[PDB]
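Trainee: I would like the atomic coordinates for the input below:
(chains A and B)
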Amino acid sequence: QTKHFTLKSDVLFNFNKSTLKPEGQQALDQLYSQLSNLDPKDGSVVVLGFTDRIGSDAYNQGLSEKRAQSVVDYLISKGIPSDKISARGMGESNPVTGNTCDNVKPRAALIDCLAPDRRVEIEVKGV
Amino acid sequence: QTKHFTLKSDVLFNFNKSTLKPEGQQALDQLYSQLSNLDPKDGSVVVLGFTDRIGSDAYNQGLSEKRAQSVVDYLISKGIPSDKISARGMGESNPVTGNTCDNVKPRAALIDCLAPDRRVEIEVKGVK
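Mentor: Numbering: from 1, shown residues only, chains lettered A, B, ... in the order given. Right below this line is the structure:
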């Protein structure tokens, strides 16, 4: 059995930062039950960080990876074994919004429209 | 005679980049006849780039400069002599909004509130 989780980066992290906000800690707490029912042998967890097509929530590079790694770190401290979990920074790839926001021009409104693309996804194999 | 022009950085550039956008070229095209009719002996152009207060001082300064050079480089190609036009990046200093946005959240609302600070200012000296 495979499970999929999506968290909002706007809730998890401050702008340009990868330190988990309290609300982000809580959202990982609330999912940790089901996020940890792993097969001892072949259970694995992959944390994938994404931003939007203009990278609106960062001005420094590497933040989608930093954020995924930051989520891994937290989850390991909750009790996922470190050899069972890994982080990847997917940047702007695989946008959820598709072409929805192509014609949105103001910076504020474009940020809003692109919110669904600013997320961390978690794939759990073997539950 | 001195003249002052202000362009919206949001129109001229993409977020966190300094490549002059088409609509930025076009906005420059439209002011051109107002900033090219210069005196050969006293006429000068200065292009100032400003950012909002979000992020690093030094970061915003650098971004600021590149944006100003992009505007200058383009204006040079429309026909302004290189020795009469100049670029100066100003970072987050001299904000138009003052403290108006100090407590604004979340980020999109703040970005919207800080818009007037994200600008390119152009000073034209000695216009005929």
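Trainee: dihedrals phi and psi, the closest residue to chain B within chain A?
Mentor: The nearest approach of chain A to chain B comes at residue A:108, 3.7 Å away (Cβ to the nearest Cβ). Yep, even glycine has a C-beta here, placed from its N, CA and C like the rest. Dihedral angles of residue A:108 (phi, psi; degrees, to the nearest 10) stand at phi -60, psi -60.
Trainee: pull out the buried residues from the helix or strand hosting residue A:73.
Mentor: Following DSSP states H and E, one finds residue A:73 within helix A:63-78. Taking 16 or more other Cβ atoms under 10 Å in any protein chain shown as the basis for neighbour counts, the residues of helix A:63-78 that come out buried are A:63-75.
Trainee: picking that back up, quick one: residues contacting the residue of chain A closest to chain B.
Mentor: By Cβ atoms under 8 Å, 6 or more residues apart in numbering or on different chains, the contact list for residue A:108 reads B:108, B:109, B:111, B:112, B:115.
Trainee: setting aside sequence neighbours, what's the nearest residue to it?
Mentor: Closest residue to residue A:108 apart from its sequence neighbours, by Cβ to Cβ, 6 or more residues apart in numbering or on different chains: residue B:112 at 3.7 Å.
Trainee: hmm, who's touching stretch A:80-95?
Mentor: With Cβ under 8 Å, 6+ apart as the criterion, stretch A:80-95 contacts A:35-36, A:38, A:43-53, A:55, A:62-69, A:71-72, A:75-76, A:117.
Trainee: determine how far that stretch lies from the middle of the whole chain.
Mentor: Shown here is stretch A:80-95, whose average C-alpha point lies 8 Å from the average C-alpha point of the whole chain (Cα atoms, centre = their mean, to the nearest Å).
Trainee: and that stretch, how far apart are its ends?
Mentor: Length of stretch A:80-95, first residue to last, Cα to Cα, to the nearest Å: 28 Å.
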